[PDB]
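Each ligand, and each atom within it, is numbered from 1 in the order the structure gives. Keep in mind that the numbers below use all heavy atoms, side chains included, and drop hydrogens, waters and symmetry copies. In what follows, every chain begins at residue 1, and chains take the letters A, B, ... in the order their sequences are listed.
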4 protein chains.
Amino acid sequence: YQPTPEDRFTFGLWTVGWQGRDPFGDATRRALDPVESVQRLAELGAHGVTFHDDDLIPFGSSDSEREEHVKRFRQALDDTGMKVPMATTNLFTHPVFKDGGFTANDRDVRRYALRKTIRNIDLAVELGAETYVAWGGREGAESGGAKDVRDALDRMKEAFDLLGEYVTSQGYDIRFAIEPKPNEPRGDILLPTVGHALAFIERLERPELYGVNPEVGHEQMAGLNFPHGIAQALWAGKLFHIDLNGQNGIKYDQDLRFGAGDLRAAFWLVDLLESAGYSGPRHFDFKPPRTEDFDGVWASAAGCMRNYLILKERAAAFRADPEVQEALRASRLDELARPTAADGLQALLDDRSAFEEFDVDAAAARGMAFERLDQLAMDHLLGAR
Amino acid sequence: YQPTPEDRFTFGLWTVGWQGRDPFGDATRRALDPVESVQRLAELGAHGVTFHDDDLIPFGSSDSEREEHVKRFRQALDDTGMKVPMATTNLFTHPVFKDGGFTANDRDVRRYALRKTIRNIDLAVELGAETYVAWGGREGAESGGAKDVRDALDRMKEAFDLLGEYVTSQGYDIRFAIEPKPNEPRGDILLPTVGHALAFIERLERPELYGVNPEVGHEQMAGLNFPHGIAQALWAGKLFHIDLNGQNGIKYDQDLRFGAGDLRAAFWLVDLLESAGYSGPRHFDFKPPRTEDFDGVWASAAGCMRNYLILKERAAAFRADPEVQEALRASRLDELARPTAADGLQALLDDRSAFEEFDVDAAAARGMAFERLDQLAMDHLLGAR
Amino acid sequence: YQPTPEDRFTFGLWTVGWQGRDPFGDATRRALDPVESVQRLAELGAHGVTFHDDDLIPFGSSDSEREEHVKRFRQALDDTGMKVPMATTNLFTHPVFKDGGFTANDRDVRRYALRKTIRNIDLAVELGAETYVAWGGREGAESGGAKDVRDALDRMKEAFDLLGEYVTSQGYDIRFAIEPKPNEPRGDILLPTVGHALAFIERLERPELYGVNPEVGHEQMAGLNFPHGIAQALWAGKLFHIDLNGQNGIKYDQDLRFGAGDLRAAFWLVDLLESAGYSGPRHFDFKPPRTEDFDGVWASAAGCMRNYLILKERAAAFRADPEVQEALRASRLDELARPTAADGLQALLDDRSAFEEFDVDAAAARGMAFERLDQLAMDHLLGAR
Amino acid sequence: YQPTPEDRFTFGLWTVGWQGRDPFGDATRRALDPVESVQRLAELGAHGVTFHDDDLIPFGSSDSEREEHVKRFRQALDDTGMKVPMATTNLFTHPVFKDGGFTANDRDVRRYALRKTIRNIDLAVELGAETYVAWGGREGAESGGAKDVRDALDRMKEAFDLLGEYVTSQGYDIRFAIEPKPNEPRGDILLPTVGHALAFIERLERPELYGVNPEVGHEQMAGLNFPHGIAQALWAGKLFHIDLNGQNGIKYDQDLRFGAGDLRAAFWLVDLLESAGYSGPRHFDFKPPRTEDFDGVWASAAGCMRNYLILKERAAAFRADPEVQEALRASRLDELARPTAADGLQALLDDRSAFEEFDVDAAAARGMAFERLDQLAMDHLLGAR
Ligand SMILES: OC[C@@H](O)[C@H](O)[C@@H](O)CO
Ligand SMILES: OC[C@@H](O)[C@H](O)[C@@H](O)CO
Ligand SMILES: OC[C@@H](O)[C@H](O)[C@@H](O)CO
Ligand SMILES: OC[C@@H](O)[C@H](O)[C@@H](O)CO
Ligand SMILES: [Mn+2]
Ligand SMILES: [Mn+2]
Ligand SMILES: [Mn+2]
Ligand SMILES: [Mn+2]
Ligand SMILES: [Mn+2]
Ligand SMILES: [Mn+2]
Ligand SMILES: [Mn+2]
Ligand SMILES: [Mn+2]
């Protein structure tokens, strides 16, 4: 279960770099130099790193200081062979974003948020990023009167359309991935789930430029089934990127290492990504708990990749098992793949066996055999075969 | 606060007709004759009634018995002037639907579910229904292996496309409204939220035929902001119908009368529907608690319309108050309506005031004045002005 | 992983006997004869069975019919060596209990609830039950005015005190176990958690007669940590019985087979029961999903026992691993067991190393090493060591 | 609705003084001087203020600086007539407490936690505090192996017993109030609910010295019914203090102003405190949202007190209404207060009308009339009577 670059495991600078400051507590760790993170991550077998503008270049830096920061980072990439597959903008930390970036009530803040984004897009492309992530963490409200949501969606569409116009006029080979979250740090966040984000994208001027970047813990904060949501994104052809972590249900955003939280959902998720042949980064957006020192930081990070690899092996074994293949036929998963009425509407309407002469009682008596299947899946996950 | 037919208040036969059978308990009330419900509802000031096939015609009825049931009901409509604005199919009660209607693993069940739906569509149109609701209550799973979700979405799209082909080939003036629910009676239900349903509709062959029928308590079972979700549906032009009830957070589906549960969310919801000029039915999909006798049934039903009317008056007063108008300007809701960059991308890129010369500290120091606004909204809701 | 009688696995008659009626659906399975369940359960290697009075004796049976039902049951126990370690009363199904048993607003219903309970205590004692469970599933409210909770707690105390007096006056060797549940089928149920039940017991006339019967899925419906609550019950000396099943989050009460739902919590629960040396029944209060025929019913039951046995093995291997023992020392689990100030208050007050000369920064910098420890537990759970 | 000192409204220094740092954002407001808060709060009509040691005396101040801070504070209290009814210890902010105070795995940290607490008790007594609050916000875990909960409860008992010994040996008139919270900032916090805290107190050496300090939003984070939990605390004689604020569901800890969040629960809570005659402080532990400047801060604080006062009026009118009194009799609230069997066990056993001749069907048919009662409460709350 040794990770290698071929596994496409990526990490945000802000993940292993999180200092442990929470709503009730001061930082428990010193800041990590981005170049140190790059080197340590390369050693652990990571494919690449990702960043917010403000992770790499401290807010407010002069152009002189900005250029120095990028140069040191780029040297560390050159030395290690680490990739930068994705980047994103910090539109949530600075007090100016307290009511949003793209959907701030103040017009001047919205124009500022766009300019800050455009600037980092240029940098992302230059570094080789294929995906530009937007998490509108401050877009939303604590109170019902504070935000007219139809106007806010107009402003959100406007911002993303402008971003698409920018990218296409520059000739950039980069796509956008919108990251939904139901709440935190706002009471309610706009585009709260994968479904909301998918629906929103279809109203943009160029929908082909936009996908979703779903996060395990985000969807689980609404008590939603994360693999079901991923399946929908894949069904729509919009899974551009994914953020992997752990979450123990409906509560604050925990950002546990991948594999922690809902272990069975992690198993079904890996099963789905591997069998759908998802070929994007497996990005870990997580925080080593503030109880940990730096040794614990790197153990937590190693743990994320390790659990992914154990889960992949178990899922592959589950699908390869002919007893599982037999169980799947017994539960009629094969019949689910068959069209309901490839014979067409008229044939269906005239088919007496579909209704007039359908035996409802015989069909209702058929067991689904789902519990036996699920126990085979349990046995495999636990390696108790 | 007397309801009249002009208020467009509707009720399902299954609402006031619910006998009080829950997962742990037997029925506490005798069954209500549909004709008695129609007459009692007319007396309370209702605009109309809605039905599942199986509410009006008991499952399994011969064509002879079916025709008798429809005749008695139609006579009661003729006598009262009550409308039937909406109908729907029961694809969840009979054991044959234990694994779904449209996305059952068994192909024969899927064809049956389509034929049962088509038959009731004919009846709905004949009675004057404008909206046909689909709640896929059994579409989903308790276990991860039981349902390949991409295949299930293929089957769900296939069923709805066939329904659209049927309706258009008959020349019917009826639209479909898909009703999302996150869970219950399945562990997870397909198209769990308003967002998921909106995104799904955009992949149908004729998206113009399909909208959403969101329910207050459904969205609140995922801890989502129901008014935000409605605003999105309205923004997309897809709010075809709405189900109103009450829910006390994330737990089982409670179906309290409208106004109970989250009272402040009810206020914001009524504010939004009235100010967006929603002109569809205000349908109450609720259950009088099984503690109640028939007198309590009709009091609960009256209560639904009464709370809507009190909330409408309070919301109207809130918006009419020039002190509220002043508070809205102070929180820059007016600036939210202004385009971010009607000057265009190039002008934005060249605008030094948007970035190079933007004063971030002055803009960050501006208070949003949201708490004062929210207290004005509280004062109005409570009539403490 | 074969269960044998010495593993102390027990099942309610109502568990494998659930016909699959939910709030949205009719029964999918025919009724089981109690004697068939006993025999089938004995064949799977169960230790014993439990029952509500109404599972064994249909409601309102004459004394003559009552006798015939008990006779047939007793014979099946005689033939198999199956034990009856626990019994309980159904005070929730019949419409008369729609507002509660012990805490119904109507005094005549409360007396009847007590008499119905007392009758089944005699029977339970005769059959060999050591624990008498009480789940007050109807005690509570949907609305704030319906139940004065101080008065209701007086009535609840009164009922349990009367039951205590009854048992001690008969010289019965039977203890009560109160089963808490946050909600469903009432909007909120009284004594919603393990904590509320523990606190309540301390105010009864004979606290020594009463403990708790916590259920995995009940506490998880409040998003609480089930192993933590079980630890508190053990700490207090009050874990008289336990109900085991699975639950996926804060939602309706799912009753999945044990091991499904929150798998990691199930691991930590088995670890705790086994290391504390709990010696009571391992009772499965679950429902085979209504998708299943009878084969699926027995597959699901066997799965409960299998998952307990696998987790038991993995928890044992975890605790036995010298490398885990090393990690436990590294994380100072051993120091948690040493008294904070066995030297006393005066000694603590005079100890300068405790405050005045305490090096806060040196102690703050120590890593807890919790992540490495947790990954070892993960590796053991998955058999990846 | 003007608050005056006799209404007993109090505020923590940390509430109006919150600078607006959350997990995703920097501070949006400058620090408040404690003396400015005292004065501004006195002007709004507050009764008193509360503090953590670290709110008043910056962490690690010399004894000389400590004295100067207390002196300035005491003078502001002297100038205004502001009381200090409660005080508490910060055992959560400093990195040293990252694994807890009283239940840290490191014994030296636990001793330091006790000494830090004892120092502030002396100060609290000197200032006139009658209640000493303890919120064990760091006591808990993110992972199952990190904390043996039985040992942790031993350490928690040990600490509270030492504090009890200290207070009684000094002859102080001060009582402890334990503040439960389900999660945040730890994954799960020990003593997660009002119930767990009540139960724990019964195992302390001097139970009479300890009660609870429940918070609206804490219990609501577990989806529990806050007025029910407060009723249980009152029933037990343990409601020593209360924290009032608002919370919208199971999610992160929001700390909205009181009256926001679950409005109906706030009505039922005010009804309960006022009719039980609670005479302790009405303490607001809330945070003005970080969107607000200082004007918004004081608007939000005034809003807390205003909403309490409006709800108090509506609850009083509700109880005083003869029509509500009639509805309470119709619903048998008065019968709930009569003992179930003051005639005794033997009399109940011999009473044939209690079982043998009890007409279950006649009692089952009685409606509870709860819906009509609840609509009257709704009408009163909204001023629609
Ligand atoms: O909750 C935070 C979001 O998960 C993440 O994408 C990073 O924070 C991205 O900006
Ligand atoms: O949860 C049930 C759904 O709310 C309702 O639309 C009716 O039940 C429609 O079939
Ligand atoms: O839902 C019921 C509770 O889980 C247990 O009491 C058993 O079911 C016995 O009544
Ligand atoms: O979140 C903290 C708790 O709500 C209360 O203790 C106060 O904040 C005092 O510590
Ligand atoms: Mn993320
Ligand atoms: Mn994250
Ligand atoms: Mn509905
Ligand atoms: Mn409903
Ligand atoms: Mn139950
Ligand atoms: Mn149970
Ligand atoms: Mn708190
Ligand atoms: Mn508090």
Side-chain angles (χ1 to χ4, degrees), chain A residues 12-15 18 50-55 86-93 133-137 177-185 189 213-218 221 241 243-245 252-255 283 285-287, chain B residues 12-15 18 23-24 50-55 86-93 133-137 177-185 189 213-218 221 241 243-245 252-255 283 285-287, chain C residues 12 14 23-24 92 135-137 179-185 189 215 217-218 221 243 245 247 252-255 285-287, chain D residues 23-24:
Chain A
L13 292 180
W14 68 92
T15 68
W18 182 61
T50 68
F51 68 92
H52 298 86
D53 53 349
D54 297 349
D55 301 328
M86 179 276 274
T88 187
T89 323
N90 185 319
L91 301 174
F92 54 86
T93 298
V133 158
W135 171 61
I178 296 172
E179 183 163 357
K181 194 183 192 179
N183 63 71
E184 213 211 88
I189 289 166
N213 177 46
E215 169 157 314
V216 175
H218 296 187
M221 285 168 86
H241 196 266
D243 280 357
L244 305 170
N245 59 11
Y252 75 103
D253 181 17
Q254 290 192 290
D255 291 333
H283 182 244
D285 192 355
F286 86 104
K287 285 169 178 51
Chain B
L13 292 180
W14 68 92
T15 68
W18 182 61
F24 288 100
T50 68
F51 68 92
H52 298 86
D53 53 349
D54 297 349
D55 301 328
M86 179 276 274
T88 187
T89 323
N90 185 319
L91 301 174
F92 54 86
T93 298
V133 158
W135 171 61
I178 296 172
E179 183 163 357
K181 194 183 192 179
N183 63 71
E184 213 211 88
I189 289 166
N213 177 46
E215 169 157 314
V216 175
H218 296 187
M221 285 168 86
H241 196 266
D243 280 357
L244 305 170
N245 59 11
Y252 75 103
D253 181 17
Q254 290 192 290
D255 291 333
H283 182 244
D285 192 355
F286 86 104
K287 285 169 178 51
Chain C
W14 70 91
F24 291 102
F92 54 87
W135 170 62
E179 179 161 1
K181 183 181 197 190
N183 63 67
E184 209 216 20
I189 300 173
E215 168 161 318
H218 292 186
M221 287 167 81
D243 283 354
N245 62 8
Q247 175 68 21
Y252 76 96
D253 171 22
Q254 287 196 286
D255 283 332
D285 187 0
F286 85 109
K287 282 164 172 54
Chain D
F24 291 102

Would you call the rings of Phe92(B) and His52(B) parallel, tilted or perpendicular if under 30° counts as parallel and over 60° as perpendicular?
perpendicular
Applying the side-chain hydrogen bond (donor to acceptor under 3.5 Å, both in side chains) test to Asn213(A), which of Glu179(A), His218(A), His283(A) qualifies?
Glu179(A)
Do any N or O atoms from the side chain of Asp53(A) and from the backbone of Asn90(A) form a donor-acceptor pair under 3.5 angstrom?
yes
Is there a donor-acceptor contact under 3.5 Å from the side chain of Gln247(C) to the main chain of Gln254(C)?
yes
Which protein N or O atoms sit under 3.5 Å from any N or O of ligand 1? Give each pair with its distance.
| from | atom 1 | to | atom 2 | distance (Å) |
| --- | --- | --- | --- | --- |
| ligand 1 | 1 (O) | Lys181(A) | NZ | 3.0 |
| ligand 1 | 1 (O) | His218(A) | NE2 | 3.3 |
| ligand 1 | 4 (O) | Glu179(A) | OE2 | 3.1 |
| ligand 1 | 4 (O) | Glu215(A) | OE1 | 3.0 |
| ligand 1 | 4 (O) | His218(A) | NE2 | 3.1 |
| ligand 1 | 4 (O) | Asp285(A) | OD2 | 3.0 |
| ligand 1 | 6 (O) | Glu179(A) | OE1 | 2.5 |
| ligand 1 | 6 (O) | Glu179(A) | OE2 | 2.9 |
| ligand 1 | 6 (O) | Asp285(A) | OD2 | 3.1 |
| ligand 1 | 10 (O) | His52(A) | NE2 | 2.6 |

Donor-acceptor pair between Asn245(B) and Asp285(B) side chains, under 3.5 angstrom
no
Identified ring pair (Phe, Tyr, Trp, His ring centres under 6.0 Å) partner of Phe24(D) from the options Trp14(A), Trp18(A), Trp135(A), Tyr252(A)
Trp135(A)
